[PDB]
>>> print(open('start-v1.cif').read())   # mmCIF, C-alpha atoms and all ligand atoms
data_structure
loop_
_atom_site.label_atom_id
_atom_site.label_comp_id
_atom_site.auth_asym_id
_atom_site.auth_seq_id
_atom_site.Cartn_x
_atom_site.Cartn_y
_atom_site.Cartn_z
CA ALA A 842 68.99 69.77 146.62
CA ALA A 843 69.61 73.19 145.05
CA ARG A 844 72.82 72.02 143.36
CA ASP A 845 71.21 68.83 141.98
CA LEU A 846 68.68 68.53 139.15
CA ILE A 847 67.80 64.96 140.17
CA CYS A 848 66.20 66.18 143.40
CA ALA A 849 64.02 68.68 141.52
CA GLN A 850 63.02 65.97 139.04
CA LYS A 851 62.07 63.63 141.89
CA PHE A 852 60.17 66.38 143.72
CA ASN A 853 58.13 66.96 140.56
CA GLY A 854 57.20 63.30 140.04
CA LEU A 855 59.92 62.20 137.59
CA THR A 856 61.88 59.12 138.68
CA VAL A 857 64.34 56.63 137.22
CA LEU A 858 63.81 52.87 137.56
CA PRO A 859 66.83 50.55 137.87
CA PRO A 860 67.52 48.01 135.11
CA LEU A 861 66.57 44.42 135.86
CA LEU A 862 70.06 43.15 135.01
CA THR A 863 72.84 44.68 137.08
CA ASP A 864 76.20 45.60 135.59
CA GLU A 865 77.73 42.58 137.34
CA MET A 866 75.23 40.23 135.69
CA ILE A 867 75.91 41.75 132.26
CA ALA A 868 79.65 41.35 132.82
CA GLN A 869 79.01 37.71 133.76
CA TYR A 870 77.13 37.22 130.48
CA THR A 871 79.96 38.77 128.47
CA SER A 872 82.58 36.67 130.27
CA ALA A 873 80.57 33.52 129.57
CA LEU A 874 80.38 34.49 125.88
CA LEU A 875 84.12 35.17 125.80
CA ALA A 876 85.00 31.89 127.54
CA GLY A 877 82.79 29.96 125.14
CA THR A 878 84.33 31.65 122.11
CA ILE A 879 87.97 31.22 123.09
CA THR A 880 87.58 27.65 124.35
CA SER A 881 85.16 26.16 121.82
CA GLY A 882 85.03 28.48 118.80
CA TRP A 883 81.57 28.55 117.24
CA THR A 884 80.44 25.14 118.54
CA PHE A 885 78.81 26.51 121.72
CA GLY A 886 76.53 28.68 119.59
CA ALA A 887 75.11 25.57 117.88
CA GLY A 888 75.02 23.12 120.79
CA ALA A 889 77.32 21.85 123.52
CA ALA A 890 80.62 23.70 123.81
CA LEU A 891 83.24 21.47 122.16
CA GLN A 892 86.76 22.34 123.27
CA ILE A 893 89.44 22.80 120.60
CA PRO A 894 92.99 24.20 120.87
CA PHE A 895 92.93 27.88 120.03
CA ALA A 896 95.54 27.73 117.26
CA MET A 897 93.51 24.99 115.57
CA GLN A 898 90.38 27.13 115.90
CA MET A 899 92.29 29.95 114.20
CA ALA A 900 93.27 27.51 111.44
CA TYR A 901 89.55 26.80 111.01
CA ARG A 902 88.85 30.54 110.78
CA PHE A 903 91.63 30.99 108.22
CA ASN A 904 89.98 28.26 106.14
CA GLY A 905 86.75 30.21 106.54
CA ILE A 906 88.20 33.20 104.67
CA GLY A 907 89.89 31.15 101.94
CA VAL A 908 93.43 30.91 103.34
CA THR A 909 95.04 27.50 103.81
CA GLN A 910 95.66 26.60 107.44
CA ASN A 911 99.39 26.03 107.00
CA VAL A 912 99.56 29.82 106.60
CA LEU A 913 98.18 30.15 110.13
CA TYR A 914 100.42 27.42 111.57
CA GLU A 915 103.64 28.63 109.92
CA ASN A 916 102.96 32.23 111.01
CA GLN A 917 101.49 31.48 114.44
CA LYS A 918 103.91 33.60 116.48
CA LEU A 919 103.59 36.55 114.09
CA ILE A 920 99.78 36.33 114.11
CA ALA A 921 99.66 36.13 117.91
CA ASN A 922 102.02 39.12 118.18
CA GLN A 923 99.95 41.17 115.72
CA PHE A 924 96.79 40.41 117.69
CA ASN A 925 98.50 41.30 120.98
CA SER A 926 99.72 44.62 119.58
CA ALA A 927 96.26 45.43 118.19
CA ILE A 928 94.63 44.71 121.56
CA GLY A 929 97.22 46.90 123.26
CA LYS A 930 96.43 49.70 120.81
CA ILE A 931 92.73 49.37 121.64
CA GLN A 932 93.53 49.63 125.34
CA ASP A 933 95.84 52.64 124.89
CA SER A 934 93.26 54.44 122.74
CA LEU A 935 90.55 53.86 125.35
CA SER A 936 92.86 55.06 128.13
CA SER A 937 94.06 58.20 126.32
CA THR A 938 91.27 59.51 124.08
CA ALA A 939 88.49 61.17 126.07
CA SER A 940 85.39 60.88 123.84
CA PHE B 1039 68.90 33.61 112.05
CA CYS B 1040 66.89 30.48 111.18
CA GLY B 1041 66.70 28.66 114.51
CA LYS B 1042 69.22 27.38 117.03
CA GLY B 1043 71.85 25.10 115.53
CA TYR B 1044 73.13 24.62 112.01
CA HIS B 1045 70.21 25.53 109.74
CA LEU B 1046 68.94 22.76 107.49
CA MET B 1047 65.62 24.14 106.21
CA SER B 1048 62.53 26.07 107.21
CA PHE B 1049 58.79 25.74 106.59
CA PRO B 1050 56.27 28.61 106.82
CA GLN B 1051 52.77 28.47 108.28
CA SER B 1052 50.27 31.31 108.19
CA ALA B 1053 48.81 32.66 111.42
CA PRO B 1054 46.31 35.42 112.29
CA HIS B 1055 48.15 38.66 111.47
CA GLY B 1056 51.48 36.87 111.29
CA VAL B 1057 53.73 34.03 110.24
CA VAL B 1058 55.21 31.00 112.00
CA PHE B 1059 58.49 29.49 110.87
CA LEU B 1060 59.30 25.87 111.66
CA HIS B 1061 63.10 25.87 111.58
CA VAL B 1062 64.79 22.49 111.11
CA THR B 1063 68.38 22.49 112.37
CA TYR B 1064 71.15 19.97 112.93
CA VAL B 1065 72.43 19.78 116.51
CA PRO B 1066 75.57 17.76 117.37
CA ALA B 1067 74.64 15.34 120.13
CA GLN B 1068 77.12 12.93 121.77
CA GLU B 1069 80.61 14.40 121.92
CA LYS B 1070 83.67 12.33 122.78
CA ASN B 1071 87.08 13.75 123.59
CA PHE B 1072 90.20 12.91 121.60
CA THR B 1073 93.82 13.93 121.49
CA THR B 1074 94.49 16.29 118.60
CA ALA B 1075 97.46 17.61 116.65
CA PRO B 1076 97.65 20.49 114.16
CA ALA B 1077 99.85 18.61 111.69
CA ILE B 1078 101.52 15.23 111.16
CA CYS B 1079 105.27 14.83 110.67
CA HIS B 1080 106.18 12.17 108.11
CA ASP B 1081 109.42 11.76 106.13
CA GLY B 1082 110.50 15.17 107.36
CA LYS B 1083 107.38 16.79 105.88
CA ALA B 1084 104.42 18.48 107.53
CA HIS B 1085 100.98 17.15 106.57
CA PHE B 1086 97.76 19.08 107.15
CA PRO B 1087 94.21 17.74 106.72
CA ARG B 1088 92.48 18.68 103.48
CA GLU B 1089 89.00 18.94 105.02
CA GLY B 1090 89.02 17.49 108.54
CA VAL B 1091 91.08 17.25 111.72
CA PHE B 1092 93.65 14.82 113.09
CA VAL B 1093 92.47 12.85 116.14
CA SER B 1094 93.87 10.15 118.39
CA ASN B 1095 91.96 7.65 120.51
CA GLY B 1096 95.08 7.08 122.60
CA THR B 1097 97.18 4.81 120.40
CA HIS B 1098 96.23 5.46 116.76
CA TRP B 1099 95.94 8.61 114.65
CA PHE B 1100 93.12 9.22 112.17
CA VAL B 1101 91.62 12.12 110.25
CA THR B 1102 87.92 12.85 110.66
CA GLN B 1103 85.40 15.38 109.44
CA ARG B 1104 84.92 18.11 112.00
CA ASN B 1105 81.20 17.83 112.86
CA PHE B 1106 80.71 14.04 112.93
CA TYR B 1107 83.15 11.43 114.18
CA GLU B 1108 84.21 9.30 111.19
CA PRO B 1109 87.85 8.24 111.59
CA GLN B 1110 89.85 7.43 108.47
CA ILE B 1111 93.41 6.31 107.81
CA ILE B 1112 95.70 9.28 107.24
CA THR B 1113 96.80 9.12 103.59
CA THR B 1114 98.28 11.36 100.92
CA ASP B 1115 94.78 11.75 99.46
CA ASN B 1116 93.54 12.87 102.89
CA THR B 1117 96.21 15.50 103.54
CA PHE B 1118 98.47 18.02 101.85
CA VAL B 1119 102.15 18.76 102.43
CA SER B 1120 103.54 22.18 103.37
CA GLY B 1121 107.13 22.66 104.48
CA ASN B 1122 109.16 20.62 106.93
CA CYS B 1123 108.47 19.59 110.53
CA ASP B 1124 110.43 22.39 112.24
CA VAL B 1125 107.91 25.25 112.17
CA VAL B 1126 104.52 23.93 113.30
CA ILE B 1127 103.97 24.08 117.06
CA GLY B 1128 102.58 20.77 118.30
CA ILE B 1129 103.31 18.63 115.24
CA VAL B 1130 103.10 14.89 115.93
CA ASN B 1131 105.08 12.00 114.42
CA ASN B 1132 102.99 9.46 112.52
CA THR B 1133 102.97 7.58 109.24
CA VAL B 1134 101.05 8.80 106.19
CA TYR B 1135 99.83 5.98 103.96
CA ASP B 1136 100.51 6.19 100.23
CA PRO B 1137 97.84 4.38 98.17
CA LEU B 1138 100.13 4.09 95.13
CA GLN B 1139 102.91 2.32 97.04
CA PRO B 1140 101.19 -1.10 97.46
CA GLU B 1141 100.06 -0.97 93.82
CA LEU B 1142 103.65 -0.31 92.72
CA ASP B 1143 104.77 -3.11 95.04
CA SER B 1144 102.19 -5.47 93.52
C1 LIG A 1201 89.21 12.14 127.54
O1 LIG A 1201 89.13 12.80 128.81
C2 LIG A 1201 89.45 11.96 129.93
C3 LIG A 1201 89.19 12.78 131.17
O2 LIG A 1201 90.26 13.68 131.44
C4 LIG A 1201 90.89 11.49 129.81
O3 LIG A 1201 91.21 10.64 130.90
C5 LIG A 1201 91.07 10.74 128.49
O4 LIG A 1201 92.44 10.38 128.33
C6 LIG A 1201 90.63 11.61 127.31
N1 LIG A 1201 90.71 10.85 126.08
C7 LIG A 1201 91.47 11.22 125.04
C8 LIG A 1201 91.44 10.31 123.85
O5 LIG A 1201 92.15 12.24 125.07
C1 LIG A 1202 92.31 3.07 118.64
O1 LIG A 1202 91.74 2.56 117.43
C2 LIG A 1202 92.43 1.44 116.88
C3 LIG A 1202 91.76 1.12 115.56
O2 LIG A 1202 90.36 1.38 115.62
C4 LIG A 1202 92.39 0.28 117.86
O3 LIG A 1202 93.10 -0.83 117.33
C5 LIG A 1202 93.00 0.71 119.19
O4 LIG A 1202 92.87 -0.33 120.15
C6 LIG A 1202 92.31 1.97 119.71
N1 LIG A 1202 92.95 2.43 120.93
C7 LIG A 1202 92.28 2.77 122.03
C8 LIG A 1202 90.79 2.66 121.96
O5 LIG A 1202 92.86 3.16 123.05
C1 LIG A 1203 109.77 12.94 115.62
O1 LIG A 1203 110.72 12.41 114.70
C2 LIG A 1203 111.90 13.21 114.54
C3 LIG A 1203 112.74 12.54 113.48
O2 LIG A 1203 112.63 11.13 113.55
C4 LIG A 1203 112.62 13.34 115.88
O3 LIG A 1203 113.74 14.20 115.73
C5 LIG A 1203 111.67 13.90 116.93
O4 LIG A 1203 112.31 13.91 118.20
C6 LIG A 1203 110.40 13.06 117.00
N1 LIG A 1203 109.47 13.63 117.96
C7 LIG A 1203 109.05 12.97 119.05
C8 LIG A 1203 108.09 13.70 119.92
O5 LIG A 1203 109.44 11.84 119.31
#
>>> encode(input="start-v1.cif", output="structure tokens")
Amino acid sequence: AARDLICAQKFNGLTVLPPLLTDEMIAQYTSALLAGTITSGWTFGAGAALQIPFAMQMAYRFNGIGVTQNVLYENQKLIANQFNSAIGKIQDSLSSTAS
Amino acid sequence: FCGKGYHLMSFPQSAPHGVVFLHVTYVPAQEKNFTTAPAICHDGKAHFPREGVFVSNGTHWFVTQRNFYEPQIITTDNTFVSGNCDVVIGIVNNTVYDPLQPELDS
């Protein structure tokens, strides 16, 4: 007890209540959101999840920002590689940097 | 932000110390599954939809708007050309109808 502040807090009437949702449940929610996004784009946010091939969904998104979809299709490998490298950079930064 | 679904419109109603919004939204209802392709190969050229998406019921290819099934014959007014057929992954062979060709023929 002497080397722990939590025990003193508890002994003086100060306690911590657990969250209703566990970490596992929150991870399930995020995985459901991710599965919906990568399988159905934005359709599952408006109704039933409507499956669409992911490259075609990216063509839709390219249209959304004012770029013709042949730009996506003709550069598909380059765009996938750029995304993969960017994700890898995110992972490396989270692994290395400490704060 | 304005209800669940694609927002159409909203109507306000006063309430004691507050407001009530009646959000009217459009919700897609009865989905059917189709075969799809990103582009159509015709005469060695790649065709992409101008506004919709290429779909197949099993034997025939059409272009439809994305949020409501309305199949139409794939034509040069429906699509635009970009490059040849060698680059697009998943391109599908089909004919693209030219409206001017029958008129020139007749
Ligand atoms: C729709 O899905 C069913 C179930 O797998 C399949 O048998 C059928 O061929 C699909 N239809 C089209 C047009 O892809
Ligand atoms: C696809 O549609 C065409 C024209 O509507 C029709 O002739 C053909 O039989 C259909 N094929 C199916 C439903 O497998
Ligand atoms: C599409 O047509 C081209 C040229 O006629 C041919 O080389 C290619 O093999 C065809 N693709 C399929 C899937 O039949």
>>> atom_distance(input="start-v1.cif", atom1="atom CA of residue B:1137", atom2="atom CA of residue B:1081")
15.9 Å
>>> residues_around(input="start-v1.cif", residues="stretch 1053-1068 of chain B", least_positions_apart="2", cutoff="9 Å", atoms="all atoms listed in the file", output="list in words")
residues 884, 887, 888 and 889 of chain A; 1040, 1041, 1042, 1043, 1044, 1045, 1046, 1047, 1048, 1049, 1050, 1051, 1070, 1105 and 1106 of chain B
>>> atom_distance(input="start-v1.cif", atom1="atom CA of residue B:1069", atom2="atom CA of residue B:1107")
8.7 Å
>>> residues_near_ligand(input="start-v1.cif", ligand="ligand LIG 1202 (chain A)", cutoff="10 Å", atoms="only C-alpha atoms and all ligand atoms", output="PyMOL selection string")
chain B and resi 1094-1100+1109-1111
>>> closest_residue(input="start-v1.cif", among="B:1115, B:1124, B:1141, B:1136", to="chain A", atoms="only C-alpha atoms")
B:1124
>>> closest_residue(input="start-v1.cif", among="B:1039, B:1087, B:1093, B:1139", to="ligand LIG 1201 (chain A)", atoms="only C-alpha atoms and all ligand atoms")
B:1093
>>> axis_aligned_box(input="start-v1.cif", around="stretch 900-908 of chain A", padding_each_side="5 Å", output="lines of an AutoDock Vina configuration file")
center_x = 90.1
center_y = 30.0
center_z = 106.7
size_x = 16.7
size_y = 16.4
size_z = 19.5
>>> residues_around(input="start-v1.cif", residues="residue A:896", least_positions_apart="6", cutoff="12 Å", atoms="all atoms listed in the file", output="ChimeraX atom specification")
/A:879-882,902-903,910-918,920-921 /B:1074-1077,1126-1128
>>> closest_atom_pairs(input="start-v1.cif", of="chain B", to="ligand LIG 1203 (chain A)", cutoff="9 Å", atoms="only C-alpha atoms and all ligand atoms", output="CSV")
residue,atom,partner,partner_atom,distance
B:1079,CA,A:LIG1203,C1,7.0
B:1080,CA,A:LIG1203,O1,8.0
B:1081,CA,A:LIG1203,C3,8.1
B:1082,CA,A:LIG1203,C3,7.0
B:1123,CA,A:LIG1203,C2,8.3
B:1129,CA,A:LIG1203,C8,8.3
B:1130,CA,A:LIG1203,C8,6.5
B:1131,CA,A:LIG1203,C1,4.9
B:1132,CA,A:LIG1203,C1,8.2
>>> closest_residue(input="start-v1.cif", among="B:1071, B:1116, B:1102, B:1052", to="ligand LIG 1201 (chain A)", atoms="only C-alpha atoms and all ligand atoms")
B:1071
>>> atom_distance(input="start-v1.cif", atom1="atom CA of residue B:1104", atom2="atom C5 of ligand LIG 1201 (chain A)")
19.1 Å
>>> closest_residue(input="start-v1.cif", among="A:909, A:940, A:932, A:922", to="chain B", atoms="all atoms listed in the file")
A:909
>>> closest_residue(input="start-v1.cif", among="A:863, A:892, A:850, A:856", to="ligand LIG 1201 (chain A)", atoms="all atoms listed in the file")
A:892
>>> residues_around(input="start-v1.cif", residues="residue B:1114", least_positions_apart="3", cutoff="7 Å", atoms="only C-alpha atoms", output="VMD selection string")
chain B and resid 1117 to 1118 1134 to 1136
>>> closest_residue(input="start-v1.cif", among="A:871, A:893, A:905, A:925", to="ligand LIG 1201 (chain A)", atoms="all atoms listed in the file")
A:893
>>> decode(input="start-v1.cif", residues="stretch 1104-1129 of chain B", atoms="N, CA, C and O atoms", output="tab-separated table (two decimals), in the first residue's frame")
chain	number	residue	atom	x	y	z
B	1104	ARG	N	-25.98	5.46	-59.86
B	1104	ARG	CA	-25.39	4.68	-58.78
B	1104	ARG	C	-26.36	4.39	-57.63
B	1104	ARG	O	-26.20	3.37	-56.95
B	1105	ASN	N	-27.37	5.22	-57.41
B	1105	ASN	CA	-28.24	5.09	-56.24
B	1105	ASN	C	-29.62	4.54	-56.56
B	1105	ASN	O	-30.43	4.38	-55.65
B	1106	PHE	N	-29.91	4.25	-57.83
B	1106	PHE	CA	-31.22	3.75	-58.21
B	1106	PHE	C	-31.06	2.97	-59.51
B	1106	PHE	O	-30.53	3.51	-60.48
B	1107	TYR	N	-31.50	1.72	-59.51
B	1107	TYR	CA	-31.25	0.85	-60.66
B	1107	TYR	C	-32.08	1.31	-61.85
B	1107	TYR	O	-33.31	1.25	-61.83
B	1108	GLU	N	-31.39	1.77	-62.90
B	1108	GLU	CA	-32.05	2.25	-64.12
B	1108	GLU	C	-31.14	1.94	-65.30
B	1108	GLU	O	-30.42	2.81	-65.80
B	1109	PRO	N	-31.14	0.69	-65.76
B	1109	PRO	CA	-30.16	0.28	-66.77
B	1109	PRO	C	-30.41	0.93	-68.13
B	1109	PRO	O	-31.54	1.02	-68.60
B	1110	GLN	N	-29.32	1.36	-68.76
B	1110	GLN	CA	-29.37	1.98	-70.07
B	1110	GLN	C	-28.30	1.39	-70.97
B	1110	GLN	O	-27.27	0.91	-70.50
B	1111	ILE	N	-28.57	1.42	-72.28
B	1111	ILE	CA	-27.61	0.92	-73.25
B	1111	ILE	C	-26.34	1.76	-73.20
B	1111	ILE	O	-26.39	2.99	-73.15
B	1112	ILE	N	-25.20	1.09	-73.20
B	1112	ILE	CA	-23.91	1.77	-73.13
B	1112	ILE	C	-23.62	2.40	-74.49
B	1112	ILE	O	-23.48	1.70	-75.50
B	1113	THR	N	-23.53	3.73	-74.52
B	1113	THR	CA	-23.33	4.48	-75.75
B	1113	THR	C	-22.20	5.48	-75.57
B	1113	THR	O	-21.67	5.68	-74.48
B	1114	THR	N	-21.82	6.11	-76.69
B	1114	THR	CA	-20.78	7.14	-76.65
B	1114	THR	C	-21.24	8.40	-75.94
B	1114	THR	O	-20.40	9.18	-75.48
B	1115	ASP	N	-22.55	8.63	-75.84
B	1115	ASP	CA	-23.06	9.72	-75.03
B	1115	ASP	C	-23.10	9.37	-73.55
B	1115	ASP	O	-23.18	10.27	-72.71
B	1116	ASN	N	-23.06	8.08	-73.22
B	1116	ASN	CA	-23.09	7.62	-71.84
B	1116	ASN	C	-21.72	7.56	-71.20
B	1116	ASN	O	-21.62	7.60	-69.98
B	1117	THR	N	-20.66	7.46	-72.01
B	1117	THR	CA	-19.33	7.16	-71.53
B	1117	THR	C	-18.34	8.15	-72.13
B	1117	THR	O	-18.67	8.95	-73.00
B	1118	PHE	N	-17.11	8.09	-71.64
B	1118	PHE	CA	-16.00	8.82	-72.24
B	1118	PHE	C	-14.81	7.88	-72.38
B	1118	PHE	O	-14.65	6.92	-71.63
B	1119	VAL	N	-13.97	8.18	-73.37
B	1119	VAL	CA	-12.82	7.36	-73.73
B	1119	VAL	C	-11.58	7.90	-73.03
B	1119	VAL	O	-11.41	9.11	-72.89
B	1120	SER	N	-10.71	6.99	-72.58
B	1120	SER	CA	-9.42	7.39	-72.01
B	1120	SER	C	-8.44	6.23	-72.19
B	1120	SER	O	-8.52	5.23	-71.48
B	1121	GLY	N	-7.53	6.38	-73.15
B	1121	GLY	CA	-6.48	5.40	-73.34
B	1121	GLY	C	-6.96	4.12	-74.00
B	1121	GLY	O	-8.08	4.02	-74.51
B	1122	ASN	N	-6.08	3.13	-73.99
B	1122	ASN	CA	-6.37	1.83	-74.56
B	1122	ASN	C	-6.80	0.86	-73.47
B	1122	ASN	O	-7.01	1.24	-72.31
B	1123	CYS	N	-6.91	-0.42	-73.82
B	1123	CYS	CA	-7.48	-1.43	-72.94
B	1123	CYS	C	-6.44	-2.15	-72.10
B	1123	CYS	O	-6.78	-3.09	-71.38
B	1124	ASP	N	-5.17	-1.74	-72.17
B	1124	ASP	CA	-4.08	-2.50	-71.57
B	1124	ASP	C	-3.79	-2.13	-70.12
B	1124	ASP	O	-3.09	-2.88	-69.44
B	1125	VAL	N	-4.30	-1.00	-69.62
B	1125	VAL	CA	-3.91	-0.49	-68.32
B	1125	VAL	C	-4.93	-0.84	-67.24
B	1125	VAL	O	-4.54	-1.26	-66.14
B	1126	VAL	N	-6.22	-0.69	-67.52
B	1126	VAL	CA	-7.24	-0.82	-66.49
B	1126	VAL	C	-7.34	-2.27	-66.04
B	1126	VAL	O	-7.46	-3.19	-66.86
B	1127	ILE	N	-7.30	-2.49	-64.73
B	1127	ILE	CA	-7.43	-3.82	-64.15
B	1127	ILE	C	-8.91	-4.16	-64.05
B	1127	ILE	O	-9.67	-3.46	-63.39
B	1128	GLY	N	-9.31	-5.25	-64.70
B	1128	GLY	CA	-10.69	-5.68	-64.69
B	1128	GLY	C	-11.54	-5.18	-65.82
B	1128	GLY	O	-12.77	-5.33	-65.76
B	1129	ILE	N	-10.95	-4.58	-66.86
B	1129	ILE	CA	-11.73	-4.10	-67.99
B	1129	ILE	C	-12.41	-5.28	-68.69
B	1129	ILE	O	-11.88	-6.40	-68.74
